[PDB]
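Below is one structure, written out as structure tokens, with a few remarks after it.
By convention here, the first residue in the shown sequence is residue 1. For ligands, and for the atoms within them, numbers begin at 1 and follow the listed sequence.
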Amino acid sequence: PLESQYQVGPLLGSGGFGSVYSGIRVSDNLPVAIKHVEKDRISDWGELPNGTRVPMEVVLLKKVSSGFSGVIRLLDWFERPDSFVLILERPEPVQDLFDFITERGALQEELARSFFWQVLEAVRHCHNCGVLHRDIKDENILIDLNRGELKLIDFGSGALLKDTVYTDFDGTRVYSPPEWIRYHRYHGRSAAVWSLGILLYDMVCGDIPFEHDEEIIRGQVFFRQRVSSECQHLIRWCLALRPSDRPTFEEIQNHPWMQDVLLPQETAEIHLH
Ligand SMILES: NCCc1c[nH]c2ccc(Cl)cc12
Ligand SMILES: [Cl-]
């Protein structure tokens, strides 16, 4: 079984997502992350193409699993009496974006542009696979430090992507849009763009722009750090109060601030190595 297939290493982290351990697949020494999620904490359940009852997280990870390295790859999963165990790929060396920004402070715009571009490509991949992440934030982004490649993790608050209104939300409140705070209603893509605006501000300022519900609703963006006019314009556009005033992913990627992005390897060479 699972216990013989994997060699357990130290705890990497724990929180809303469960408990994640460093591990090694015994057959080929492959680095893995072993995530444990208690059954009593799983509210969203779904079913695989065959019809087995699994957490929605497993459904969403399988839908996004492919060669594309912008999303974490689910290698296997196991059901225990009181929990589900997920075997995920583990880049080495790795650091999540929250720890990275905490240690290094506000990012140089060239670095934020490379990171933000990769997040946008990863989110577009999720949407193309019929998956809405619902918790895009620094803590849910891993940096493969050698390759300069970012990976979205923690699909535990996600949903199947739909074109109708969402009236449920269990992601991070400080990244949630004003329409959710005010009306408990949002559409997937425009709510994702709002969270991307929060994330971009966080990258270039070193902290999130809003703390309280009143600030999210007012949506007044103050820059606490020196940030270029083009970057400020893009952030303020993603953070438009009206969902219809927000840019589409195409408009974000065609924005003047997004031009001449570095390749991930160039990004690692200049900023990470
Ligand atoms: N601080 C992030 C903790 C975490 C959550 N899901 C993961 C998947 C892979 C790896 Cl390497 C780590 C994690
Ligand atoms: Cl994960």
Please enumerate all residues that pass ring pair (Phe, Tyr, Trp, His ring centres under 6.0 Å) together with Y166, with sequence neighbours excluded.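 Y186.
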With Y201 as partner, the option from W237, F223, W194 fulfilling ring-ring contact (aromatic ring centres under 6.0 Å, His included) is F223
Would you tabulate the side-chain donor-acceptor contacts of residues 85-94 under 3.5 Å, counting partners in other chains and residues two or more places apart, or write 'none'?
residue : atom : partner : partner atom : Å
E89     : OE2  : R73     : N            : 2.7
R90     : NE   : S22     : OG           : 3.3
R90     : NE   : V32     : O            : 2.8
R90     : NH2  : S22     : OG           : 3.4
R90     : NH2  : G23     : O            : 2.8

In short, ring-ring contact (aromatic ring centres under 6.0 Å, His included) pairs touching residues 69-93 with sequence neighbours left out are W45-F84
Need the list: ligand 1 N/O atoms against protein N/O atoms, distance under 3.5 Å, rounded to one decimal.
residue  : atom  : partner : partner atom : Å
ligand 1 : 1 (N) : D96     : OD2          : 2.8
ligand 1 : 6 (N) : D154    : OD1          : 3.2

Handout entry: Verdict with supporting geometry, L61 and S65, side chain to side chain contact (heavy atoms under 4.5 Å, CB included)
Key = CA-CA 6 Å; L61 282 164; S65 70; over 6 Å; no
Checking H233, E230, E109 against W257 for side chain to side chain donor-acceptor pair (under 3.5 Å), the one that qualifies is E109
